[PDB]
Amino acid sequence: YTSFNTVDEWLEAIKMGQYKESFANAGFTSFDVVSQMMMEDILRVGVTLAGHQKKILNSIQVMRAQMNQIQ
């Protein structure tokens, strides 16, 4: 899940490291907030490629659902 003490690691794990710069500079610096990100947020941090938006959004959805189990 959390094999990443950090958001940069996670983005790296899902091969989306190219966005760390974007994510950081937008305040999405923890999994707490990241896991609440919606498509809108993904667009704002500037993710414009359809495949990336998806890969990311879907990872976030797994992240969020998992966090929710361990409330």
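The preceding data block contains the structure.
Rules used in this analysis
- Residues numbered from 1 in each chain as written, not as in the entry; some residues may be left out.
- Heavy atoms only, no water.
- Helix = DSSP H or I, 4+ residues; strand = E, 2+ residues; numbered from the N terminus.
- Expected span 1.5 Å × (residues − 1).
- Buried < 20%, exposed > 50% of the residue type's maximum accessible area, 1.4 Å probe, protein only.
- Arc of directions from axis to C-beta.
- Contact = heavy atoms within 4.5 Å.
- Core = buried A, V, L, I, M, F, W, Y, C linked by side-chain atoms within 4.5 Å.

Colleague: Tell me about helix 5 (residues 50-69), and please be specific about residues and values.
Modeller: For helix 5, which comprises 20 residues, the first-to-last C-alpha distance of 29 Å matches the rise-based estimate of 28 Å (1.5 Å per residue) to within 8%. Inspection of helix 5 places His52, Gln53, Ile56, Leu57, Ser59, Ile60 and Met63 among the buried residues, and these make up the whole buried set. Looking straight down helix 5, one finds its buried side chains confined to an arc of 165°; they lie on one side. Exposed positions of helix 5 whose direction lies more than 90 degrees from the buried face are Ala50, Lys54 and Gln69. Looking at the buried positions of helix 5, the neighbouring elements they touch are helix 1 (7-13), helix 2 (20-24), helix 3 (31-34) and helix 4 (39-44).

Colleague: Lay out the nonpolar core with the relevant residues and their values.
Modeller: Ranked by internal contacts, the top residues of the largest apolar core, which has 19 residues, are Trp10, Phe23, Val34, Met37 and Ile56. Per-element accounting of this core gives the leading share, four residues, to helix 5. In contact with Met37, other than residues within four places in its own chain, are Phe23, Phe28, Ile42, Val45 and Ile60.

Colleague: Explain the environment of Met39 to me, using residue names and the numbers behind them.
Modeller: On the secondary structure map, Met39 appears in helix 4. Accessibility expressed as a relative area gives 27% for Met39, which makes it partly exposed. Separated by 17 residues in sequence, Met39 and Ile56 place their C-alpha atoms 9.2 Å apart. Every residue in contact with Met39, bar those within four places of it in the chain, is listed here: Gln53 and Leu57.

Colleague: Just give me the short version of the side chain of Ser59, but keep the residues and values in it.
Modeller: Position of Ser59 relative to the elements: it lies in helix 5. For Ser59, a relative accessible area of 17% puts it in the buried group.

Colleague: Hey, could you go over the environment of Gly46 for me, with residue numbers and the actual values?
Modeller: Positionally, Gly46 belongs in the loop between helix 4 and helix 5. We classify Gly46 as partly exposed; its relative accessible area is 34%. On a C-alpha basis, the gap between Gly46 and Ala65 in space is 24 Å, while along the polypeptide they are 19 residues apart.

Limitation: the analysis is restricted to geometry and does not speak to function.
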